[PDB]
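Worksheet: one structure, shown below.
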Amino acid sequence: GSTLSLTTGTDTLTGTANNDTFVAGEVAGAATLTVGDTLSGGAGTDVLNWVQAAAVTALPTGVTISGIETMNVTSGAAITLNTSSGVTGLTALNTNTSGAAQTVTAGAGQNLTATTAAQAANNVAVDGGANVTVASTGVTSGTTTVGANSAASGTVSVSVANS
Amino acid sequence: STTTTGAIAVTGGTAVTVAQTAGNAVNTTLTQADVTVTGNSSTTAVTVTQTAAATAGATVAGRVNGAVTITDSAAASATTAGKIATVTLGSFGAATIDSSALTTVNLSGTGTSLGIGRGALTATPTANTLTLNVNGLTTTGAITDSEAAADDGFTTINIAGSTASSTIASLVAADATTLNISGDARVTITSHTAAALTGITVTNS
Ligand SMILES: [Ca+2]
Ligand SMILES: [Ca+2]
Ligand SMILES: [Ca+2]
Ligand SMILES: [Ca+2]
Ligand SMILES: [Ca+2]
Ligand SMILES: [Ca+2]
C-alpha cells in the first residue's frame, strides 16, 4: 500500500484501498492530528499511528477517522480519549502511556488494548469496546478500573505488575 | 470504493442517459452519486439508472442511492413550451422532475421519493394524463404531484405494473380524478392521498 503523513494543518487524506499506513507524528514537536483532520482508508490493511510528546486530551474538533482498522496512540504524558464517535470501521484501538494516567472509552466493535509502563500513583480507567485488554507494569497506588461506565462486548483481560 | 461517487451533472442534448453502477465489497456500504440533468430545448428524454440500494450485510454489498434532479429549460417560464416528455429511473434517492411537457415516468428498482412538478406555465393545461410504468419498483416514501397542490396537476394517473411486483409507500396526487392500475404484475400502493378521486379501476392481471 501507500504511506500518508499528517501535517500541523487540516488534512484530507484518502487511502489506496490497500495496505496503507497513516502517520500522525510530530513536526517541530507540534502535534499533527489536529482540528478538522479527516482520514479515509479503503481496503483492510489500514493503520493510523498517532505519536505525541504532549498528553492526548480528546479527539480534536471535527476530526473524523473512517475505514481505518487499527489505531495506535502513544503519549509522553496522559491519554484521555473517547472513540465511540467520529470513528467508524475501527476493529482495534491500542493506547500507550509510560508514567501517566489513562482514561479511554472505545466504541463496541473495537478491541481496546491499554498498555501502561511505570503506572505508579496514576489511574487507569477504561470503558466500552469489544475485547478489552489492560496491560499495566510498575504499578503501586494506581487503581485499575474497567467498565465502570460501559461494559465490554467481548472479553476483559486485565494484568497488573507491582515492584 | 466505499467513498461516495461525487456529482454527475449534464446540461443539454437530444436525449440524456446517466448510468451509474456500484461494485463495492460484500460488507461495505458505498453511497452512490447525486445526479443533475438540465435539458436544453432539444431534450425529449432523460434516463438515470443506479445500482439497487441494499443494507450492508455479511454477504450483502451495501448501497445508498443518489438524489436525482431533472429540470426542463422552460421550467421557470410562463409561456415557453417545454420539451422533456419521458423520464426513466432505475433506483433513486430523493428524486425531482420539473417539466410541463412530461407525460411518462418509468420506474424501476429502489426509490426514496419522487416529486413531480410541471413547468410554471400560466396557461391552463388540457392534456393531464400521467402514465407511470412500474416494474420491480419499491419506495421508502412518496410519489407526489407537487403541481396539483397550488397549480394544475394531473387529473388522471395510470399505473402499469410490469414483469415484477411494485410497492409505492405513498402516492400523493391532490388533483387526481381517475386512477387506473393496469398490466402484468402486482402494484401495491400502501397509502394514497388523493381527495378528489371519483373512481379507481384495476385492469391488472
Ligand atoms: Ca493535520
Ligand atoms: Ca487502504
Ligand atoms: Ca480500510
Ligand atoms: Ca409549479
Ligand atoms: Ca400555472
Ligand atoms: Ca389544484
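Ordered as shown in the C-alpha cells, chains take letters A, B, and onward, while each chain numbers its residues from 1 and ligands are numbered from 1 in the order shown.
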
Hey, what's within 8 Å of residue 52 (chain B) if we count only C-alpha atoms and toss same-chain stuff fewer than 4 positions away? As a CSV table (one decimal) with N, CA and C atoms, in the first residue's frame, please?
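Writing done, so here's selection_39.csv:
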chain,number,residue,atom,x,y,z
B,63,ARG,N,-25.6,-0.4,-0.5
B,63,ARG,CA,-25.7,0.7,-1.4
B,63,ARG,C,-26.8,1.7,-0.9
B,65,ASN,N,-28.7,5.3,-2.4
B,65,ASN,CA,-28.9,5.9,-3.8
B,65,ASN,C,-28.7,7.4,-3.8
B,90,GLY,N,-34.1,4.0,-12.7
B,90,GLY,CA,-33.8,2.7,-12.3
B,90,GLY,C,-33.0,2.8,-11.0
B,91,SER,N,-33.8,2.7,-9.8
B,91,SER,CA,-33.4,3.2,-8.5
B,91,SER,C,-33.1,4.7,-8.3
B,109,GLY,N,-36.7,-0.6,-9.6
B,109,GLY,CA,-35.7,-0.8,-8.5
B,109,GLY,C,-36.1,0.0,-7.3
B,110,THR,N,-35.1,0.5,-6.6
B,110,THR,CA,-35.3,1.0,-5.2
B,110,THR,C,-35.2,2.6,-5.1

Enumerate as a PDB file with N, CA and C atoms, in the first residue's frame the residues within 12 Å of ligand 5, counting only C-alpha atoms and all ligand atoms.
ATOM      1  N   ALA B  75     -38.951  25.370 -17.492  1.00  0.00           N
ATOM      2  CA  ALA B  75     -39.464  25.027 -16.198  1.00  0.00           C
ATOM      3  C   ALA B  75     -39.881  26.269 -15.423  1.00  0.00           C
ATOM      4  N   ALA B  76     -39.184  27.378 -15.639  1.00  0.00           N
ATOM      5  CA  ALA B  76     -39.491  28.598 -14.904  1.00  0.00           C
ATOM      6  C   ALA B  76     -40.329  29.599 -15.730  1.00  0.00           C
ATOM      7  N   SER B  77     -40.415  29.349 -17.042  1.00  0.00           N
ATOM      8  CA  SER B  77     -41.155  30.209 -17.988  1.00  0.00           C
ATOM      9  C   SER B  77     -42.669  30.178 -17.766  1.00  0.00           C
ATOM     10  N   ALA B  78     -43.301  31.322 -18.034  1.00  0.00           N
ATOM     11  CA  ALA B  78     -44.754  31.418 -18.047  1.00  0.00           C
ATOM     12  C   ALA B  78     -45.347  30.967 -19.389  1.00  0.00           C
ATOM     13  N   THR B  79     -44.574  31.023 -20.473  1.00  0.00           N
ATOM     14  CA  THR B  79     -45.123  30.747 -21.812  1.00  0.00           C
ATOM     15  C   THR B  79     -44.429  29.698 -22.642  1.00  0.00           C
ATOM     16  N   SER B 100     -43.213  20.771 -17.928  1.00  0.00           N
ATOM     17  CA  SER B 100     -44.587  20.951 -18.369  1.00  0.00           C
ATOM     18  C   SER B 100     -44.905  20.056 -19.567  1.00  0.00           C
ATOM     19  N   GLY B 117     -43.155  18.050 -10.494  1.00  0.00           N
ATOM     20  CA  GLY B 117     -43.642  19.393 -10.821  1.00  0.00           C
ATOM     21  C   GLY B 117     -43.779  19.549 -12.340  1.00  0.00           C
ATOM     22  N   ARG B 118     -44.741  20.354 -12.763  1.00  0.00           N
ATOM     23  CA  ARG B 118     -44.868  20.731 -14.167  1.00  0.00           C
ATOM     24  C   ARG B 118     -44.374  22.195 -14.291  1.00  0.00           C
ATOM     25  N   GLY B 119     -44.014  22.609 -15.490  1.00  0.00           N
ATOM     26  CA  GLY B 119     -43.492  23.970 -15.666  1.00  0.00           C
ATOM     27  C   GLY B 119     -44.480  25.018 -15.166  1.00  0.00           C
ATOM     28  N   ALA B 120     -43.963  26.159 -14.696  1.00  0.00           N
ATOM     29  CA  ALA B 120     -44.821  27.215 -14.141  1.00  0.00           C
ATOM     30  C   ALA B 120     -45.609  28.030 -15.207  1.00  0.00           C
ATOM     31  N   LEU B 121     -45.859  27.397 -16.364  1.00  0.00           N
ATOM     32  CA  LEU B 121     -46.838  27.839 -17.356  1.00  0.00           C
ATOM     33  C   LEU B 121     -48.106  28.383 -16.716  1.00  0.00           C
ATOM     34  N   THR B 122     -48.542  29.570 -17.153  1.00  0.00           N
ATOM     35  CA  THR B 122     -49.746  30.191 -16.577  1.00  0.00           C
ATOM     36  C   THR B 122     -51.020  29.692 -17.265  1.00  0.00           C
ATOM     37  N   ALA B 123     -50.936  29.425 -18.580  1.00  0.00           N
ATOM     38  CA  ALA B 123     -51.958  28.687 -19.351  1.00  0.00           C
ATOM     39  C   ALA B 123     -52.503  27.423 -18.640  1.00  0.00           C
ATOM     40  N   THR B 124     -53.827  27.267 -18.639  1.00  0.00           N
ATOM     41  CA  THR B 124     -54.481  26.073 -18.077  1.00  0.00           C
ATOM     42  C   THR B 124     -54.296  24.864 -19.013  1.00  0.00           C
ATOM     43  N   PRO B 125     -53.609  23.812 -18.501  1.00  0.00           N
ATOM     44  CA  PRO B 125     -53.205  22.672 -19.331  1.00  0.00           C
ATOM     45  C   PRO B 125     -54.410  21.821 -19.691  1.00  0.00           C
ATOM     46  N   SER B 146     -46.408  17.495  -7.069  1.00  0.00           N
ATOM     47  CA  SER B 146     -46.116  18.808  -6.480  1.00  0.00           C
ATOM     48  C   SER B 146     -46.924  19.935  -7.134  1.00  0.00           C
ATOM     49  N   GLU B 147     -47.238  19.782  -8.430  1.00  0.00           N
ATOM     50  CA  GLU B 147     -48.000  20.790  -9.185  1.00  0.00           C
ATOM     51  C   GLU B 147     -49.473  20.874  -8.755  1.00  0.00           C
ATOM     52  N   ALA B 148     -50.069  19.743  -8.359  1.00  0.00           N
ATOM     53  CA  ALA B 148     -51.509  19.678  -8.063  1.00  0.00           C
ATOM     54  C   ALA B 148     -51.986  20.605  -6.915  1.00  0.00           C
ATOM     55  N   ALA B 149     -51.173  20.648  -5.848  1.00  0.00           N
ATOM     56  CA  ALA B 149     -51.422  21.417  -4.625  1.00  0.00           C
ATOM     57  C   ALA B 149     -51.910  22.859  -4.884  1.00  0.00           C
ATOM     58  N   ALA B 150     -51.015  23.729  -5.368  1.00  0.00           N
ATOM     59  CA  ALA B 150     -51.377  25.137  -5.662  1.00  0.00           C
ATOM     60  C   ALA B 150     -51.599  25.480  -7.151  1.00  0.00           C
ATOM     61  N   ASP B 151     -51.454  24.502  -8.046  1.00  0.00           N
ATOM     62  CA  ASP B 151     -51.488  24.748  -9.505  1.00  0.00           C
ATOM     63  C   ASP B 151     -52.259  23.619 -10.164  1.00  0.00           C
ATOM     64  N   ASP B 152     -52.017  23.365 -11.443  1.00  0.00           N
ATOM     65  CA  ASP B 152     -52.797  22.386 -12.216  1.00  0.00           C
ATOM     66  C   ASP B 152     -52.064  21.066 -12.456  1.00  0.00           C
ATOM     67  N   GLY B 153     -52.340  20.106 -11.568  1.00  0.00           N
ATOM     68  CA  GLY B 153     -51.747  18.774 -11.618  1.00  0.00           C
ATOM     69  C   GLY B 153     -52.314  17.852 -12.686  1.00  0.00           C
TER      70      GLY B 153
END

For this session: Excluding residue 114 (chain A) and residues on its chain fewer than 6 positions from it, collect all residues at most 7 Å away from it, counting only C-alpha atoms, and give them as a ChimeraX atom specification.
Result: /A:94-96,133-135

May I have the selected residues written with C-alpha atoms, as a short mmCIF file (atom, residue, chain, number, x, y, z; two decimals), in the first residue's frame?
data_model
loop_
_atom_site.label_atom_id
_atom_site.label_comp_id
_atom_site.auth_asym_id
_atom_site.auth_seq_id
_atom_site.Cartn_x
_atom_site.Cartn_y
_atom_site.Cartn_z
CA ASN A 94 -4.16 0.45 21.22
CA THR A 95 -3.22 3.14 23.72
CA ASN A 96 0.22 3.53 25.32
CA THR A 133 -7.03 -5.77 27.45
CA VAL A 134 -5.30 -3.79 30.17
CA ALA A 135 -1.52 -4.39 30.47
#

Per residue of chain A within 12 Å of chain B, note the shortest atom pair and the distance in Å to one decimal, counting only C-alpha atoms, and order the rows by chain and increasing residue number, as a tab-separated table.
residue	atom	partner	partner_atom	distance
A:13	CA	B:3	CA	11.8
A:14	CA	B:3	CA	9.0
A:15	CA	B:3	CA	10.3
A:16	CA	B:1	CA	9.6
A:17	CA	B:1	CA	7.7
A:18	CA	B:1	CA	11.3
A:39	CA	B:3	CA	11.2
A:40	CA	B:3	CA	8.1
A:41	CA	B:3	CA	9.1
A:42	CA	B:2	CA	6.7
A:43	CA	B:1	CA	8.7
A:44	CA	B:25	CA	11.0
A:66	CA	B:3	CA	9.8
A:67	CA	B:2	CA	8.5
A:88	CA	B:28	CA	11.7
A:89	CA	B:28	CA	9.7

Could the residues in this selection be written to a file with N, CA, C and O atoms, as a CSV table (one decimal), in the first residue's frame?
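Written out: selection-v1.csv:
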chain,number,residue,atom,x,y,z
A,13,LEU,N,-7.1,13.1,3.8
A,13,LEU,CA,-6.3,12.0,3.3
A,13,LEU,C,-7.1,10.8,3.0
A,13,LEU,O,-8.0,10.5,3.9
A,14,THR,N,-6.9,10.2,1.9
A,14,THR,CA,-7.7,9.1,1.4
A,14,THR,C,-6.8,8.0,0.9
A,14,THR,O,-6.0,8.2,0.0
A,15,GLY,N,-6.9,6.8,1.5
A,15,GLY,CA,-6.0,5.6,1.2
A,15,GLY,C,-6.2,5.0,-0.1
A,15,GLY,O,-7.0,5.4,-0.9
A,16,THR,N,-5.4,4.0,-0.4
A,16,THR,CA,-5.4,3.4,-1.8
A,16,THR,C,-6.4,2.2,-1.9
A,16,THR,O,-6.6,1.7,-3.0
A,17,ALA,N,-7.1,1.8,-0.9
A,17,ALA,CA,-7.8,0.6,-0.8
A,17,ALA,C,-6.8,-0.6,-0.9
A,17,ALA,O,-7.0,-1.5,-1.6
A,18,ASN,N,-5.9,-0.5,0.0
A,18,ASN,CA,-4.7,-1.4,0.1
A,18,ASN,C,-4.0,-1.3,1.5
A,18,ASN,O,-4.6,-0.6,2.3
A,39,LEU,N,-9.7,11.5,7.8
A,39,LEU,CA,-8.9,10.4,7.2
A,39,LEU,C,-9.8,9.3,6.8
A,39,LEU,O,-10.8,9.0,7.4
A,40,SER,N,-9.4,8.7,5.7
A,40,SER,CA,-10.3,7.7,5.0
A,40,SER,C,-9.4,6.5,4.4
A,40,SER,O,-8.4,6.8,3.7
A,41,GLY,N,-9.8,5.3,4.7
A,41,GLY,CA,-8.9,4.1,4.4
A,41,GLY,C,-9.0,3.3,3.1
A,41,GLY,O,-7.9,3.1,2.5
A,42,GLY,N,-10.2,2.9,2.7
A,42,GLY,CA,-10.3,1.9,1.6
A,42,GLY,C,-10.2,0.4,2.1
A,42,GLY,O,-10.9,0.1,3.0
A,43,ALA,N,-9.4,-0.4,1.4
A,43,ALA,CA,-9.3,-1.8,1.8
A,43,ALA,C,-8.6,-2.1,3.2
A,43,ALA,O,-8.0,-1.3,3.8
A,44,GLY,N,-8.7,-3.4,3.7
A,44,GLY,CA,-8.5,-3.8,5.1
A,44,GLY,C,-7.1,-4.1,5.6
A,44,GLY,O,-6.8,-5.1,6.3
A,66,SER,N,-12.2,7.2,9.4
A,66,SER,CA,-13.1,6.3,8.8
A,66,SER,C,-12.4,5.3,7.9
A,66,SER,O,-11.5,5.7,7.1
A,67,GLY,N,-12.7,4.0,8.0
A,67,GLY,CA,-12.2,3.0,7.1
A,67,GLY,C,-10.8,2.5,7.5
A,67,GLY,O,-10.1,1.9,6.7
A,88,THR,N,-15.4,5.3,12.8
A,88,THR,CA,-16.2,4.2,12.2
A,88,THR,C,-15.2,3.3,11.5
A,88,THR,O,-14.4,3.7,10.8
A,89,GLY,N,-15.4,2.0,11.6
A,89,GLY,CA,-14.7,0.9,10.9
A,89,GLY,C,-13.4,0.4,11.6
A,89,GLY,O,-12.7,-0.4,11.1

Problem set entry | Every residue of chain B that DSSP places in helix (DSSP H, G or I), as a list in words | residues 73, 74, 75, 146, 147, 148, 149 and 150 of chain B

Could those selected residues go to a file with N, CA and C atoms, as a PDB file, in the first residue's frame?
ATOM      1  N   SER B  73     -35.702  23.100 -19.747  1.00  0.00           N
ATOM      2  CA  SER B  73     -35.429  24.572 -19.997  1.00  0.00           C
ATOM      3  C   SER B  73     -36.533  25.503 -19.464  1.00  0.00           C
ATOM      4  N   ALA B  74     -37.749  25.232 -19.956  1.00  0.00           N
ATOM      5  CA  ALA B  74     -38.946  26.062 -19.792  1.00  0.00           C
ATOM      6  C   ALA B  74     -39.716  25.762 -18.498  1.00  0.00           C
ATOM      7  N   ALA B  75     -38.951  25.370 -17.492  1.00  0.00           N
ATOM      8  CA  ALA B  75     -39.464  25.027 -16.198  1.00  0.00           C
ATOM      9  C   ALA B  75     -39.881  26.269 -15.423  1.00  0.00           C
ATOM     10  N   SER B 146     -46.408  17.495  -7.069  1.00  0.00           N
ATOM     11  CA  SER B 146     -46.116  18.808  -6.480  1.00  0.00           C
ATOM     12  C   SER B 146     -46.924  19.935  -7.134  1.00  0.00           C
ATOM     13  N   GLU B 147     -47.238  19.782  -8.430  1.00  0.00           N
ATOM     14  CA  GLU B 147     -48.000  20.790  -9.185  1.00  0.00           C
ATOM     15  C   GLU B 147     -49.473  20.874  -8.755  1.00  0.00           C
ATOM     16  N   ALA B 148     -50.069  19.743  -8.359  1.00  0.00           N
ATOM     17  CA  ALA B 148     -51.509  19.678  -8.063  1.00  0.00           C
ATOM     18  C   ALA B 148     -51.986  20.605  -6.915  1.00  0.00           C
ATOM     19  N   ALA B 149     -51.173  20.648  -5.848  1.00  0.00           N
ATOM     20  CA  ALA B 149     -51.422  21.417  -4.625  1.00  0.00           C
ATOM     21  C   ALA B 149     -51.910  22.859  -4.884  1.00  0.00           C
ATOM     22  N   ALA B 150     -51.015  23.729  -5.368  1.00  0.00           N
ATOM     23  CA  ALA B 150     -51.377  25.137  -5.662  1.00  0.00           C
ATOM     24  C   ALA B 150     -51.599  25.480  -7.151  1.00  0.00           C
TER      25      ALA B 150
END

Exercise. Which polymer residues have any atom within 8 Å of an atom of region 56-65 of chain A, counting only C-alpha atoms, with same-chain residues fewer than 3 positions away left out, as number ranges by chain?
Worked result: A: 33-40, 52, 68, 75, 77-83, 86-88

For this session: Return as a count of residues only the full set of residues in chain A whose backbone-based DSSP assignment is strand (DSSP E).
Result: 69

Problem set entry | Protein and nucleic residues near ligand 1, 7 Å, only C-alpha atoms and all ligand atoms, as a list in words | residues 6, 7, 8, 9, 10, 11, 32, 33, 34 and 37 of chain A

Hey, can you spit out that residue selection with N, CA and C atoms as a tab-separated table (two decimals), in the first residue's frame?
chain	number	residue	atom	x	y	z
A	6	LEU	N	0.31	13.11	8.11
A	6	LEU	CA	-0.46	14.27	8.59
A	6	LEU	C	0.47	15.43	8.85
A	7	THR	N	-0.05	16.66	8.70
A	7	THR	CA	0.73	17.90	8.94
A	7	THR	C	0.14	18.69	10.09
A	8	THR	N	0.79	19.78	10.48
A	8	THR	CA	0.22	20.59	11.56
A	8	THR	C	-1.06	21.31	11.14
A	9	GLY	N	-1.51	21.10	9.89
A	9	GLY	CA	-2.74	21.71	9.36
A	9	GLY	C	-4.05	20.92	9.43
A	10	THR	N	-4.95	21.18	8.49
A	10	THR	CA	-6.14	20.35	8.32
A	10	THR	C	-5.94	19.45	7.12
A	11	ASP	N	-5.90	18.15	7.37
A	11	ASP	CA	-5.58	17.19	6.33
A	11	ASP	C	-6.81	16.47	5.84
A	32	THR	N	0.42	16.51	14.90
A	32	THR	CA	-0.16	16.53	13.54
A	32	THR	C	-1.59	16.00	13.40
A	33	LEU	N	-2.14	15.38	14.44
A	33	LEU	CA	-3.57	15.15	14.46
A	33	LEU	C	-4.21	16.37	15.13
A	34	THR	N	-4.93	17.13	14.31
A	34	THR	CA	-5.37	18.49	14.65
A	34	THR	C	-6.75	18.75	14.11
A	37	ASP	N	-9.02	17.49	10.72
A	37	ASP	CA	-8.39	16.35	10.03
A	37	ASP	C	-9.42	15.29	9.66

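Atom pair CA of residue 101 (chain B) / CA of residue 154 (chain B): separated by 12.0 Å.
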
Seminar exercise, completed: Pairwise distance, CA of residue 27 (chain B) with CA of residue 93 (chain B), equals 21.1 Å

Problem set entry | Contacts of residue 21 (chain B) at 9 Å (only C-alpha atoms; same-chain gap of 5+ positions) as a PyMOL selection string | chain B and resi 32+49-52
